[PDB]
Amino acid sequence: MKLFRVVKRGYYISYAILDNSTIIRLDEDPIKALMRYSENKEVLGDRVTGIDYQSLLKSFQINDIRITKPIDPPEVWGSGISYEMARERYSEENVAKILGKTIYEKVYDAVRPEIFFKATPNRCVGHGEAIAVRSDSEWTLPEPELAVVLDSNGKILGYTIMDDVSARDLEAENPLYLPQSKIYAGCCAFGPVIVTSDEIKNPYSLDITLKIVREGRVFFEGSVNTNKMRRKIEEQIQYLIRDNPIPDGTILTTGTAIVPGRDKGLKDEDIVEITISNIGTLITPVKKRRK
């Protein structure tokens, strides 16, 4: 099952695609629906015709329906430095270091992984909506990541594409600026669907692709497979929930492996496109904040 959501005349409607391309309009709240499917694979609703899912993916709007965030995640959390190359996330001198070894280098090996708070729902956007670059950032990069939807016990309810938008220049100036670099209006995008757990045989065998498009131009193109992830998702979940209650429908984003260069900073009117196998392609325009 693949869940999506549209806004229509100020109200939300949720939908699900079943393997055979048939669309079901949902009776329940989409988070409730994900919890139910997790149990017995039951889906409550009616089969609809005239909802053109493929056109929604391409055009964002048809008639008076517009695709958006597939759910409102009460909380969003991130995980850091979960790939081999991620040790080198900012290799240049000026990095913070613990006795000669950099903070990122140290955390890559350490028993305890990095976990940070990413976003509240109102700070998130979806397919076809604008992500944002801070007014005081000179170097902001999108981070293509696989993300899980969780229940309150830390059980995986589904998978989706997330963009961990990061003001990389601010983080570099001082690791104490990390929350400012990560948390703001439009700092995060996800979708276009949430896929149920059975839609992915092996989460550690999916292609993640990032393209940045500037005035028709492919400004960057990069691809890494999830078989290169060295810190497993279950361990990330484990540390996130320890002494820390998370509500149903929380999203954990599992860290990036694709890092554009210092000169590949995002700017106004850019188009970020992120693809993951079996999920789809998340497309977001870019908008620079004014002082």
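Note that residue numbering follows the sequence shown and begins at 1.
In the record comparison, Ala86 is unmodelled in at least a third of the other entries of this protein that model the residues flanking it.
Looking at mean Cα B-factors across 66 to 74 and 31 to 39, the upper value is held by 31 to 39. Note on 221 to 229 vs 239 to 247: mean CA B-factor is higher in 221 to 229. Across the options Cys187, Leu146, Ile115, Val111, the residue with the most elevated CA B-factor in the record is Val111. Within the listed group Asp151, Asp163, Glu199, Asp136, the record reports its top CA B-factor for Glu199. For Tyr90, the recorded CA B-factor ranks within the highest third of the chain. Only modelled residues enter the ranking.
When the modelled residues of the chain are ordered by C-alpha B-factor, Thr140 sits in the middle third. The entry lists a Cα temperature factor for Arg214 that places it in the middle third of the chain's modelled residues. In the deposited entry, the Cα temperature factor of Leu56 sits in the middle third of values across the chain's modelled residues. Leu18: CA B factor lies in the highest third for its chain, per the PDB record.
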